[PDB]
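Taken in order, the first sequence gives residues 2 to 97, 104 to 173; the numbers are from UniProt numbering. Report on one structure; see the data block that follows.
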Amino acid sequence: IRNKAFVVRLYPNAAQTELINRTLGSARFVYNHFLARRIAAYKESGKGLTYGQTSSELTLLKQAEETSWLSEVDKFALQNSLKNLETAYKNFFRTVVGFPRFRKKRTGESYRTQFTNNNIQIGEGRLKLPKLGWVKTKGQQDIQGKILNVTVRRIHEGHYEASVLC
RNA sequence: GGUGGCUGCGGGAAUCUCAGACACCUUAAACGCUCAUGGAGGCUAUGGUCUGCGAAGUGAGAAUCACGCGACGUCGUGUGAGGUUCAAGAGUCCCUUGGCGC
DNA sequence: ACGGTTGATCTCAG
DNA sequence: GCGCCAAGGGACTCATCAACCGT
């Protein structure tokens with residue numbers, strides 16, 4: 002009936018921590034890369050890129066050779082980074104808010120993955136995340152809605168979370 | 001012998017158990033600790049307190065219990081568990097709000 | 001087949 | 001005043017499916 006978030010605290014292992022860090026880095030990388038490619042499009046021609054064109058170019062990047070490591074990262078993370086860039090532009094175009108800006112390596116950075124075809128399963132003391140598998144979570148609230156996305160977030164050097172949506 | 005909180009986990013908060021230190025001692029304030037480096041300033045009301053007998057700043061490590069495994073009773077790793085009471089909607093973007101340093 | 005994963009889908013705009 | 005660290009504020013939105021890849 003409505004979207005509400007069940008913020009649990011992920012306790013990822015070594016592999017899961019490495020994968021979450023890599024995924025956040027790759028989401029930031031595609032955000033920066035396509036911000037550059039979307040500003041450069043306006044300089045070259047009057048019309049800039051849309052989300053479809055940036056998504057196709059992201060597919061090419063994941064199929065590239067120098068940036069092949071984007072394929073190991075969860076696909077939803079990169080596509081939601083591109084959708085975040087699209088929202089950054091849409092807010093700017095709604096008024097004439105500030106223009107989108109590049110992204111330096113932050114702390115409170117989160118990547119979002121979507122539920123499809125039994126992708127996200129909430130357990131007793133575990134969570135079924137797509138590229139991670141089962142993550143040990145504490146404070147897992149009782150399921151109440153239909154899963155849509157899980158925004159794997161980093162708060163501190165070792166304090167991850169997950170804003171599981173319903 | 002009693003008392004209080006600082007730091008770590010116990011999802012959060014407060015208690016509370018344990019742990020890393022303490023400190024006061026009939027009163028509830030204050031403070032993390034260890035190590036290496038750093039080698040002379042941080043912190044309060046023009047002036048006082050800790051500190052040249054180790055300041056500010058770098059970072060790191062340790063900081064709950066049970067079991068399994070490995071290495072030399074000690075270290076690492078893996079899994080599991082962590083009470084009570086309350087509560088829990090988050091994500092994205094941009095901006096400005098405070099603190100600090102210069 | 002089972003389980004999970006990916007690319008396409010959405011038009012603009014400074 | 002201008003860098004960093006963090007937070008706070010306001011507006012807006014919060015995926016789905018056919019196809020594919022290794023077991």
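Even for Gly, the Cβ is constructed at its ideal location relative to N, Cα and C.
Under the three-state reduction of DSSP, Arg119 is assigned to strand. In the pairwise beta carbon analysis, the stretch 153-163 is classified as touching the stretch 114-121: at least three pairs are separated by under 8 Å. DSSP, read as helix, strand or coil, puts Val159 in strand. Check the Cα spacing between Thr18 and each of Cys173, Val171, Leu172 and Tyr167: the tightest is with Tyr167.
By the neighbour-count definition (other C-beta atoms within 10 Å, threshold 16), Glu73 is an exposed residue. Your pair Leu36 and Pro107 checks out as a contact, with CB atoms roughly 6 Å apart and the cut at 8 Å. Judged by DSSP secondary structure, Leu79 falls within the alpha helix (DSSP H) whose first and last residues are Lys76 to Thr96. Straight across, the Cα-Cα distance linking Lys48 with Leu139 is about 39 Å. Under the criterion of beta carbons closer than 8 Å, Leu79 and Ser27 qualify as touching, at roughly 6 Å. Within the DSSP secondary-structure output, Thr144 pairs in a beta bridge with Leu11.
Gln147 sits close to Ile129, with the two beta carbons spaced by under 8 Å. In this structure, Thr144 keeps its C-beta atom at 8 Å or more from the C-beta atom of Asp75.
Put simply, of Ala15, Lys5 and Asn4 the residue whose alpha carbon is nearest the alpha carbon of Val142 is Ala15. Between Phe30 and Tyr12, the alpha-carbon positions lie close to 25 Å from each other. Cβ atoms of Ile162 and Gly132 stay farther apart than 8 Å, at about 20 Å.
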